[PDB]
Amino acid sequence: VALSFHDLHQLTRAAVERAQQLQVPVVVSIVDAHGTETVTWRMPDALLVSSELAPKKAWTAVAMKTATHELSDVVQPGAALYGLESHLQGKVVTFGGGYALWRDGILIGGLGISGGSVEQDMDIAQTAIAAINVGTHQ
């Protein structure tokens, strides 16, 4: 059930291809179900911050079993998990671009994209994920 070589290779290829179509250089990061960095690819000229944000988005997706855009409302002032980003010492990113990857009810990894607008990062991520046979929810 885990991510196979083919899964990893296709996710990464499809993300890079979609980023090229959008004309935005990104960092692509994939983590396994335990949060271990498994693939990283940086396109030329990607924003330097993206080297830290993409793997953090992928990690966040696994570590909270969620897509990172789904955390945006819950960390606001007044919301249930206000302060989370400081409580976890910057390890969680709470804007879009990270998705949890599921197969047959089992969490198999996380994908993180950074380098565009949040909308671009999410488009790239969703396009990549559509290239392989996986879900973004259990």
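Each residue number is its position in the shown sequence, starting from 1.
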Should the higher mean CA B-factor in the entry be assigned to 40-48 or to 103-111? 103-111
Mean Cα B-factor check, 112-120 vs 8-16, entry values; winner is 8-16
Where does residue 87 sit by CA temperature factor within its chain: lowest, middle or highest third? lowest
Going by what the PDB entry lists, where does residue 80 fall on CA B-factor within its chain: lowest, middle or highest third? middle
Assigned third (lowest, middle, highest) for the C-alpha B factor of residue 33: highest
